[PDB]
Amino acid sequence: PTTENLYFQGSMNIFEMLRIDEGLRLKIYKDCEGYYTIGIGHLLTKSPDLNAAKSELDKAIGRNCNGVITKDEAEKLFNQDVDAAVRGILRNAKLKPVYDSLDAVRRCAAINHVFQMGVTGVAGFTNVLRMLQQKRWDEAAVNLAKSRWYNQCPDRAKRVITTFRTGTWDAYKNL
């Protein structure tokens, strides 16, 4: 690796990782599962009603947005969603011990997964959680690849699954 590539490690963190997986959109749009979304993967509501989604948006941002936000507002909402995912792992008696056993880069993949799926969805993956705590990385990844989370929307999940396999940032390189 060049001095370049050894530096890529310090450029990557959970915010840059989720930013690649979720993208950045300043107007309400439907994600791959058809849920209204905005910003960096902020799911507004699972209602098919755009009006509900606009309502959730104005609550979340605190102004009359009419479906559109700024980059700064997107980043603020993103930071809030990241903190919620972390806090949801740390208070959960099933997820915390597994998270504590992980290295720094797989801990980012765990926060990413909870950001995407929510706590109860992730904590339900009993086999994946035990494989990870036992450092059975290849099996954990194969089992994540069976999930509906990955299969209904592979492009948003694939790099998280690669990161659980390898504990490196390689899947985020060379976009």
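Throughout, we count residues from 1 along the sequence that is shown.
Here 108-116 and 32-40 are compared by their mean Cα B-factor, and 32-40 comes out higher. Relative to its counterpart among 145-153 and 47-55, 47-55 has the higher mean temperature factor, C-alpha atoms as listed in the PDB entry. Comparing the C-alpha B-factors of 60, 69, 123, 128 in the entry, the top value falls on 60. For residue 64, the recorded CA B-factor ranks within the highest third of the chain. Only modelled residues enter the ranking. In the PDB entry, residue 23 places in the middle third of its chain by CA B-factor.
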